[PDB]
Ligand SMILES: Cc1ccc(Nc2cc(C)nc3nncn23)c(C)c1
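A lone chain, given as structure tokens: the form deposited without the named molecule.
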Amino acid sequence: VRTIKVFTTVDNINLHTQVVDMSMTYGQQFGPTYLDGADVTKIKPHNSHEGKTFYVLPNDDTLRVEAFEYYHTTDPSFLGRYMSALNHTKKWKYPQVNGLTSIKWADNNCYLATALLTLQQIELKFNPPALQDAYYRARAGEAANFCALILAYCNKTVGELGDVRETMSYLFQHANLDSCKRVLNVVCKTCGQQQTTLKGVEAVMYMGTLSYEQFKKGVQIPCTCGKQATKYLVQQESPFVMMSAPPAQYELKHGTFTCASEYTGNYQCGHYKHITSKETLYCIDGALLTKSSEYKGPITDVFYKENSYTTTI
């Protein structure tokens, strides 16, 4: 019996010393086993593996507690999706573009890059520690684990076409938006005024218009009477708001928003690009960067910084 010493983990923080038999596979000794995302379940240990750290599935109480506190789940389906995704996103390149971490294009990841650039420009705290840790390193330039975790938490695989707003809505449900609140009024001339309150993710996202300013002044929506009603923002308490609308030509002005999602395509497929407002307007497309003092293009999401707003209507 020849052996080597290795470490197993589920969180990459608590390391557990193991002795492994070099005549058996990792699968025979640990169950499913991953080396930096690469599935080594069906391979035998090699001399170079001494002292290396391997991911295993939560198969005992120590590992179950560690995975539960780190990912907020012990389901072996999750860690497998995460490792499968990580085996690809560790080979993506993550260039700094206009001071933000982007992703060089690969595996249809334009939507992922647009969402990653967006997460770096809005105040947000994730509840699962795995998400918050990988978030910090994603800001620092090493976003392989963040992107793999996003794909895993949203039940998305590498290469699949994706939607930025669906992605953001998933990630928001894993963030601490408990304090967020929105109060809206809907006015009809022949029916009266109705107030509704929303909390959490619903207080932070709206579908139907891109302009925060128009949201505050009022938007027309069909009413129950068959006439047309006016809906407007009464009160907002959130670190940011996300206005979305079906892709359409929109004029973005410097200094009036935080960032935005460009979308050229149809309802099945399109190209996602990222507009950000710094000292001027910038468009980021993977590793590509252009600027313009004026912008008129197809926008589908606009992000605004917010703290507390109260109407004067």
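The first residue of the sequence shown is number 1, and the count goes up from there. Between two forms, the rigid core is the largest collection of C-alphas that superpose within 1.5 Å.
Undergrad: Would you mind comparing 277-285 and 42-50 for me and telling me which has the higher average C-alpha temperature factor in the entry?
TA: According to the entry, 42-50 carries the higher average C-alpha B-factor.
Undergrad: Regarding 106-114 and 220-228, which shows the higher C-alpha temperature factor on average in the entry?
TA: Comparing averages over the C-alpha atoms only gives 220-228.
Undergrad: Among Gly141, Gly208, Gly200, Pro239, single out the one with the highest C-alpha B factor in the record, please.
TA: Max CA B-factor in the entry, restricted to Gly141, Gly208, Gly200, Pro239: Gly200.
Undergrad: Out of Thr25, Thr290, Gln18, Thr300, which one has a C-alpha B factor higher than all the others in the entry?
TA: Most elevated C-alpha B-factor of the set, per the entry: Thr25.
Undergrad: Taking the chain's C-alpha temperature factors as the reference, tell me which third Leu63 falls into: lowest, middle or highest.
TA: Highest third.
Undergrad: Would you mind ranking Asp133 by its C-alpha B-factor against the rest of the chain and naming the third, lowest, middle or highest?
TA: CA B-factor rank for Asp133: lowest third.
Undergrad: Thinking about Cα B factors across the chain, which third does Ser84 belong to?
TA: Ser84: CA B-factor falls in the middle third of its chain.
Undergrad: State the tercile, meaning the lowest, middle or highest third, of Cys188 with respect to the CA B-factors recorded for its chain.
TA: Top third by C-alpha B-factor.
Undergrad: Hey, what third does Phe257 fall into on Cα B-factor, ranked over its chain?
TA: According to the entry, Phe257 has a C-alpha B-factor in the chain's lowest third.
Beyond the structure shown, there is the form solved in complex with the named molecule, which is absent from this document and is the topic of what follows.
Undergrad: Select, from the options 117-125, 134-142, 86-94, 185-193, the stretch whose residues sit within 4.5 angstroms of the named molecule in the deposited complex by heavy atom distance.
TA: That would be stretch 185-193.
Undergrad: Can you check whether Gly99 is within 4.5 Å of the named molecule in the deposited complex, heavy atom basis?
TA: Taking the distances in the deposited complex, the answer for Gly99 is no, it never comes within 4.5 Å of the named molecule.
Undergrad: Spell out, yes or no, whether the shortest heavy atom distance between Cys223 and the named molecule in the deposited complex is within 4.5 Å.
TA: Yes, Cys223 is a contact residue.
Undergrad: Using the arrangement in the deposited complex, list in sequence order the residues of 35-49 with any heavy atom within 4.5 angstroms of the named molecule.
TA: Contacting residues: none.
Undergrad: State which of the options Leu63, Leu281, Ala287, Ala245 undergoes a Cα shift of 2 Å or more between this form and the one not shown, taking the core as fixed.
TA: Correct option: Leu63.
Undergrad: Would you say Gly37 moves its Cα by 2 Å or more between this form and the one not shown, aligning on the core?
TA: Stays below the 2 Å threshold, so no.
Undergrad: Following rigid core alignment, is the displacement of the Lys104 C-alpha between this form and the one not shown equal to or greater than 2 angstroms?
TA: The answer is no, as the C-alpha of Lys104 shifts between this form and the one not shown by less than 2 Å after core alignment.
Undergrad: Rigid core fitted, then: does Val20 show a CA shift of 2 angstroms or greater between this form and the one not shown?
TA: Moves: yes, 2 Å or greater.
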